[PDB]
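Structure first, then comments.
Atoms considered below: every heavy atom in the structure, side chains included; atoms not considered: hydrogens, waters and symmetry mates. Both ligands and their constituent atoms are indexed starting at 1 by order of listing. Just so we're on the same page: letters track the sequence lines, and every chain starts at 1.
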Number of protein chains: 2
Amino acid sequence: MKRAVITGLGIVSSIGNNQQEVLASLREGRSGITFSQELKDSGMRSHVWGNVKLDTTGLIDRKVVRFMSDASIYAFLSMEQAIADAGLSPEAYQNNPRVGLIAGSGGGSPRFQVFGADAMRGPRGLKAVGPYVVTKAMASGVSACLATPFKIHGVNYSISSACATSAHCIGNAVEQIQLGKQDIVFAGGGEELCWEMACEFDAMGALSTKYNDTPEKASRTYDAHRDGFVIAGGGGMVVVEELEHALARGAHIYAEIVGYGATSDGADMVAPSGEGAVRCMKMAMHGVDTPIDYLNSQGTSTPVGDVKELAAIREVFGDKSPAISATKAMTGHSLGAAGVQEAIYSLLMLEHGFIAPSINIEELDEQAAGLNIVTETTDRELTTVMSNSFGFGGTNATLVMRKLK
Amino acid sequence: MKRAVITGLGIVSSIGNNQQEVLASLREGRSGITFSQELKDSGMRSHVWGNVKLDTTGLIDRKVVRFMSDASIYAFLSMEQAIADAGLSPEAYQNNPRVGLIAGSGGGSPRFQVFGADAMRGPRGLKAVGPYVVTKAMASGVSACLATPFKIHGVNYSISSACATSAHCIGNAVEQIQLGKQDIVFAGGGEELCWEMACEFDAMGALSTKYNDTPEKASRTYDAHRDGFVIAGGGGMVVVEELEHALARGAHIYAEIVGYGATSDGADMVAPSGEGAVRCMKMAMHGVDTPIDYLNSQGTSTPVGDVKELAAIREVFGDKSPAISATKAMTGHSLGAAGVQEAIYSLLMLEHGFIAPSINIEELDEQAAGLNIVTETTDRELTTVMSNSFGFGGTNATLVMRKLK
Ligand SMILES: *C(=O)CCCCCCCCCCC
Ligand SMILES: *C(=O)CCCCCCCCCCC
Ligand SMILES: [N+]
Ligand SMILES: [N+]
């Protein structure tokens with residue numbers, strides 16, 4: 001069937017506002033985590049986050065941004081970058097039935113949902129709410145707010161699956177190409193960063209709380225003293241394109257998506273079963289006879305989570321254990337946007353020939369003994385890479401990307 | 001490619017707590033709209049809604065329902081009905097890599113998102129929020145809360161696209177079957193009903209506010225006196241199964257999905273372009289050698305919306321127009337759940353050989369001239385039916401179902 005390749009990327013993350021800034025952070029093992037007065041003032045125990053260091057004011061037309069929440073803003077800016085990177089002119093992708101968009105977020109916009117309810121209960125009522133809250137708060141905000149302004153005529157919707165969200169978005173885009181329904185599909189996602197959403201995770205005890213005095217050390221995937229993930233926000237977008245279409249226009253191809261896995265645990269609501277992740281990676285590797293040179297793990301820096309994922313990896317590769325690094329140690333967990341951002345970090349490593357380090361590992365967890373966890377930037381000619389994404393509800397996604405000759 | 005058929009269904013709506021109660025309401029054109037003190041007390045102008053008349057207390061195990069919001073509860077109950085109606089037992093669909101689930105909501109759970117923020121801002125903070133808000137408020141709540149307890153091992157995620165949400169879920173389920181990845185996929189969704197969410201729509205001026213005195217007459221699609229839609233809540237789920245697999249086990253086949261359209265307007269954020277709907281219907285009708293006997297339009301009962309769709313239908317068919325009926329006239333708009341519930345109403349019409357009436361039409365709009373708008377329960381031998389779903393962000397979905405030869 002049809003082959004799908006990535007021809008453009010765009011990103012807004014805690015470690016960079018474009019692929020060049022991100023590339024530098026990855027090579028340097030630079031943390032994007034900072035102290036958050038907002039989280040502290042909200043009454044939370046976790047006072048750290050991976051924030052987007054950028055004032056988006058005026059970067060989007062006023063009549064367009066008025067309908068958008070932060071998740072959509074981040075994704076929108078990421079898409080602008082991706083379009084430019086793919087060298088797609090307006091006439092090439094706009095008002096085109098064969099060009100679609102699949103992108104979503106993990107929780108839409110808790111900030112604007114709370115805003116609406118707060119305003120509604122005030123002395124102004126409906127007048128304080130305004131007519132823009134629906135498009136900002138709805139779950140499909142990210143796809144709706146991008147498809148409309150970019151004149152998308154093809155597929156248009158969001159896939160939501162907690163922390164696997166943007167990973168499934170990319171996989172679904174590949175499916176549209178494989179079904180011969182689209183030639184190009186912009187895929188990715190965005191996620192806002194706010195106490196309104198973060199406090200819910202803290203109430204679960206899922207966020208780090210013992211490293212507030214040293215923000216850059218809070219996210220420490222695989223470290224014996226890890227205590228939860230560091231919440232983050234941002235966006236990402238990639239251009240998924242049918243191979244022949246890309247070659248014809250002389251597009252720059254980063255890699256082909258040669259494997260896409262998507263499974264379900266059918267076990268616990270907030271804890272990974274591991275068994276589901278094993279099937280997910282095996283599904284993505286079906287027909288992939290090249291070895292995995294690098295694996296960007298979910299590695300959220302959680303006690304149970306990091307362990308379960310390492311076990312799954314061992315079951316899948318056994319003796320063929322590939323190099324591994326958890327970029328979340330420096331970026332934080334962007335939830336719905338993690339999938340696409342991590343695929344982008346993986347594509348950058350593949351494009352530039354290097355493996356980003358898994359930082360903050362002062363004492364490697366005992367259950368990670370026989371493994372190749374890269375803890376220092378290492379130059380190497382990579383050919384095939386894998387990136388895993390897991391979310392609550394036992395949802396699993398795995399993407400495998402490979403360079404083209 | 002593989003063919004997909006519907007072998008079971010389940011539903012919880014404002015006009016019935018199962019397919020029997022629903023069938024009864026559709027035949028008599030009974031309204032599910034009632035006066036809402038909650039909406040009135042919130043300060044809204046719209047005081048009516050399509051509420052689910054059911055005491056869900058104790059219908060779901062304590063350990064399970066504790067992670068669920070109303071959207072998930074409605075979808076869960078609908079799935080139970082669908083499983084039974086499909087004649088499936090645990091040994092056949094549980095822990096089975098070839099059985100998945102794709103169900104979503106339009107806005108996760110504004111109520112629990114507001115609850116979390118309100119609780120957090122209280123004197124107890126995190127302790128008041130509790131550890132169950134994330135799974136209730138996240139966008140993928142509907143898929144996560146069902147795939148886990150039902151022990152689903154295949155695909156698992158939600159597709160959100162505003163009022164087209166559950167329609168894209170069904171279509172995506174069909175694609176999974178066509179790709180040979182799944183033998184069965186439970187598809188549908190759910191939506192809670194609360195002022196927290198409703199007020200956002202009222203603030204847009206999209207909700208009916210002139211018929212609070214006569215609730216059952218508020219939703220009046222195609223009536224020259226319509227003034228917005230009536231918001232509703234509920235759930236729906238259908239069992240999408242590969243043809244040979246269904247025939248092999250002697251399942252009851254309602255119909256085959258012979259058409260699935262999904263397009264984008266790339267025009268206005270909240271107003272339909274009509275141009276996108278035209279392409280969506282044609283895409284779904286492509287390859288269908290039989291004419292459309294009935295069309296369950298979107299018909300939200302809005303001034304511009306109703307007119308735009310009629311123009312689109314007029315453009316697609318023209319003189320040879322199929323029977324048209326807007327069931328939202330009696331059910332209200334269940335948003336994210338609208339797609340699957342309407343697909344079900346259509347399957348019930350196809351299964352029982354009849355057309356549900358478009359009630360509350362005191363004065364047909366001038367825009368509906370050359371169109372066959374059925375306003376009275378009519379017995380007809382339908383063979384092929386079509387259902388349209390449109391949502392903000394210019395997202396379109398069309399499903400065409402037909403009796404199996
Ligand atoms: C990742 O799997 C952990 C869950 C992330 C879900 C997306 C964020 C939803 C927040 C909704 C408000 C609490
Ligand atoms: C249909 O397209 C109208 C918009 C429906 C959006 C989904 C329902 C939830 C909206 C956001 C609530 C916070
Ligand atoms: N990853
Ligand atoms: N419909």
Side-chain angles (χ1 to χ4, degrees), chain A residues 105-110 112-113 116-117 133-141 144 160-165 191-192 194 196-201 203-204 206 229 231 270 272 298 300 305 333 335-338 389-395, chain B residues 71 105-114 116-117 129 133-141 144 160-165 167 191-192 194 196-201 204 206 229 231 270 272 295-300 305 309 325-328 333-339 341-343 345-346 386-395 397-399:
Chain A
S105 62
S109 176
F112 282 92
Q113 284 180 296
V133 185
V134 178
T135 60
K136 297 183 186 177
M138 59 185 201
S140 64
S160 301
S161 58
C163 299
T165 296
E191 197 81 59
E192 62 176 45
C194 58
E196 287 89 332
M197 181 186 270
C199 71
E200 278 97 44
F201 283 102
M204 284 181 69
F229 72 87
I231 194 164
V270 296
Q298 180 67 310
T300 70
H333 195 344
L335 316 179
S389 303
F390 312 128
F392 290 172
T395 180
Chain B
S105 62
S109 177
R111 170 155 287 165
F112 280 93
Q113 227 121 178
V114 175
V129 176
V133 183
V134 180
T135 59
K136 297 179 180 177
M138 64 188 197
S140 65
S160 52
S161 52
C163 300
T165 294
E191 199 78 62
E192 58 173 48
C194 57
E196 288 87 334
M197 177 191 269
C199 73
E200 308 177 0
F201 285 99
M204 279 184 82
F229 70 85
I231 196 170
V270 297
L295 172 51
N296 186 284
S297 63
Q298 182 71 311
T300 62
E309 176 168 44
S325 177
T327 52
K328 291 189 176 63
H333 200 332
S334 58
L335 312 176
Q341 294 184 315
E342 264 138 42
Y345 304 143
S346 300
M386 177 179 270
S387 186
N388 290 333
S389 300
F390 310 127
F392 291 169
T395 180
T398 296
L399 293 171

### Message
Among all the protein's non-hydrogen atoms, which is closest to atom 2 (O) of ligand 1, and how far away is it?
### Response
A:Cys163 SG, 2.7 Å
### Summary
Looking only at non-hydrogen atoms, the one of A:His333, A:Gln298, B:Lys136, A:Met197 nearest atom 10 (C) of ligand 1 is A:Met197
### Query
Any chance the side chains of B:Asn388 and B:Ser297 put a donor and an acceptor closer than 3.5 Å?
no
### Message
List ligand 2 atoms under 4.0 Å from A:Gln113, heavy atoms only on the residue side.
### Response
13 (C)
### Numbered atoms of ligand 2 (with element) below 4.0 Å of B:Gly106, judged on heavy atoms
7 (C), 8 (C), 9 (C)
## Note on the structure
If we number the atoms of ligand 1 from 1 as shown, the ones under 4.0 Å from a heavy atom of A:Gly391 are 2 (O)
### Query
Should B:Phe201 be listed as contacting ligand 2, given a heavy-atom distance under 4.0 Å as the test?
yes
### Query
B:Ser387 and B:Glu342: side-chain donor and acceptor closer than 3.5 Å?
no
### Message
Suppose I only count heavy atoms of B:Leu335 and a 4.0 Å limit; which atoms of ligand 2 are within that range?
### Response
8 (C)
### Task
If you have a sec, work out which protein heavy atom is nearest atom 12 (C) of ligand 2 and how many Å separate them, to one decimal?
B:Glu200 OE1, 3.1 Å
### Task
Anything under 30° is parallel, anything over 60° is perpendicular, the rest tilted; go ahead and classify A:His333 against A:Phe229.
perpendicular
### Query
Quick one: which ligand 2 atoms are inside 4.0 Å of a heavy atom on B:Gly107?
8 (C), 9 (C)
### Message
So, applying side-chain hydrogen bond (donor to acceptor under 3.5 Å, both in side chains) with B:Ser109, which one of B:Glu196, B:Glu192, B:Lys136, B:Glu191 is it?
### Response
B:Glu192
### Query
Under 4.0 Å from any heavy atom of B:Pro110, which atoms of ligand 2 are there?
12 (C), 13 (C)
